[PDB]
Amino acid sequence: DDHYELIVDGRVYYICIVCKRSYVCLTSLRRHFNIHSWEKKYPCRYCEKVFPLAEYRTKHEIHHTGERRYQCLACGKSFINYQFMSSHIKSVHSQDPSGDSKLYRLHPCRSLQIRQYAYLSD
DNA sequence: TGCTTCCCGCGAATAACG
DNA sequence: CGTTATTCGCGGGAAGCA
Ligand SMILES: [Cl-]
Ligand SMILES: [Zn+2]
Ligand SMILES: [Zn+2]
Ligand SMILES: [Zn+2]
């Protein structure tokens, strides 16, 4: 295909034939390989930019709307992504949101049309 | 060296198939 | 049309960048 398989200790890795990156999941290799082949394009709906992964485009479009989905539950401040939220909580509140810490709320995305995870609304 | 974007295992949502 | 196949949102560490 666009990969070969490597097997060590009875565990299978899928290896990208172009850059030789390894993947535990074949769907991950397929997702990655678009970067090489560009057989699918994900163009921004607000500007001319085009991305090789759907999620890169989504994260990018959020910047166009200015929606702040990530909210610190200690002081209420909201942030556009996980990284700014995490940086805030570690720096201002001296706490780590990783694991399940319940230190932040991820609101559903309302400023554009993306797939909605049920767990975000209740 | 602090933003900024990328990366990939995981699995819920949904499209494609029957 | 219920069943499987596919897509891609999410965490949170890594890498890129000026
Ligand atoms: Cl908002
Ligand atoms: Zn590759
Ligand atoms: Zn854009
Ligand atoms: Zn806060």
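First the proteins, then the strands, lettered A, B, ... as listed; each starts at 1. Both backbone and side-chain heavy atoms feed into the values below; hydrogens, waters and symmetry mates do not.
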#### Entry: Nearest-angstrom distance from the residue atom CZ of A:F79 to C1' of B:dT5
19 Å
### Message
Testing A:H60, A:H63, A:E61 one by one against A:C47 for a side chain to side chain contact (heavy atoms under 4.5 Å, CB included), which residue passes?
### Response
A:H60
### A:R115 (side chain) and C:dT7 (base): donor-acceptor pair under 3.5 Å
yes
### Sugar-phosphate, base or nothing in reach of A:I80, heavy atoms under 4.0 Å
nothing
### Query
Side chain of A:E55, base of B:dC8: donor and acceptor closer than 3.5 Å?
yes
### Query
CE of A:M85 versus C1' of C:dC10: gap in Å, rounded?
11 Å
### Query
Base, sugar-phosphate, or nothing: which does A:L53 touch, judged by heavy atoms less than 4.0 Å apart?
nothing
### Task
Give a yes or no answer on whether the side chain of A:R57 reaches the backbone of A:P43 with a donor-acceptor pair at less than 3.5 Å.
yes
#### Entry: Sugar-phosphate only, base, or nothing, as touched by A:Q116 at under 4.0 Å among non-hydrogen atoms
sugar-phosphate
#### Entry: Under 3.5 Å donor-acceptor pair, A:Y56 side-chain atoms to C:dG9 base atoms
no
#### Entry: Base C:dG11 to side chain A:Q83, donor-acceptor N/O within 3.5 Å cut-off
no
### Message
Quick check on B:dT4: is either OP1 or OP2 less than 4.0 Å from any side-chain nitrogen or oxygen of A:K59?
### Response
no
### Query
Has the side chain of A:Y117 got a donor or acceptor that lies under 3.5 Å from a partner of the other kind on the base of C:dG9?
yes
### Task
Looking at every strand, decide which applies to A:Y14 at a 4.0 Å heavy-atom threshold: base, sugar-phosphate, or nothing.
nothing
### Message
I want to check one thing: is the phosphate of C:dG12, taken as OP1 and OP2, less than 4.0 Å away from some side-chain N or O of A:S98?
### Response
no
### Query
A:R69 near the nucleic acid: base, sugar-phosphate alone, or nothing, with a heavy-atom cut-off under 4.0 Å?
sugar-phosphate
### Query
What is the distance from NE2 of A:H32 to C1' of C:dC8, rounded to the nearest Å?
17 Å
### Query
Does A:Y104 have a side-chain nitrogen or oxygen under 4.0 Å from the phosphate oxygens OP1 or OP2 of C:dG11?
yes
### Query
Is the shortest side-chain N/O distance from A:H63 to OP1 or OP2 of B:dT5 below 4.0 Å?
yes
#### Entry: Sub-6.0 Å ring centroid separation between A:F79 and A:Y104
no
#### Entry: A:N34 side chain to A:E39 backbone, donor-acceptor under 3.5 Å
yes
### Message
By the 4.0 Å heavy-atom rule, please label A:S86 as base, sugar-phosphate, or nothing.
### Response
nothing
### Query
Pick one: which of A:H32, A:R31, A:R30 meets side-chain hydrogen bond (donor to acceptor under 3.5 Å, both in side chains) with A:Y23?
A:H32
### Task
Indicate whether the side chain of A:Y117 and that of A:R115 have a donor and an acceptor atom separated by less than 3.5 Å.
yes
### Task
Just call it for A:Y42: base, sugar-phosphate, or nothing, with non-hydrogen atoms closer than 4.0 Å on any strand.
sugar-phosphate
## Note on the structure
Here the distance between atom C1' of C:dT6 and atom CG of A:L29, to the nearest Å, is 15 Å
### Query
What is the distance, rounded to the nearest whole Å, between atom CZ of A:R30 and atom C1' of C:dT7?
14 Å
### Message
Any side-chain N or O of A:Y82 below 4.0 angstrom from OP1/OP2 of C:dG9?
### Response
no
### Query
If you look at every strand shown and take non-hydrogen atoms under 4.0 Å, does A:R21 touch a base, only sugar-phosphate, or nothing?
sugar-phosphate
### Nearest-Å distance for atom pair CG/P, residues A:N81 and B:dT4
9 Å
#### Entry: Separation of atom NE2 in A:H60 from atom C1' in B:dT5, rounded to whole Å
12 Å
### Task
Write down the distance between CZ (A:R31) and P (B:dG11), rounded to a whole number of angstrom.
14 Å
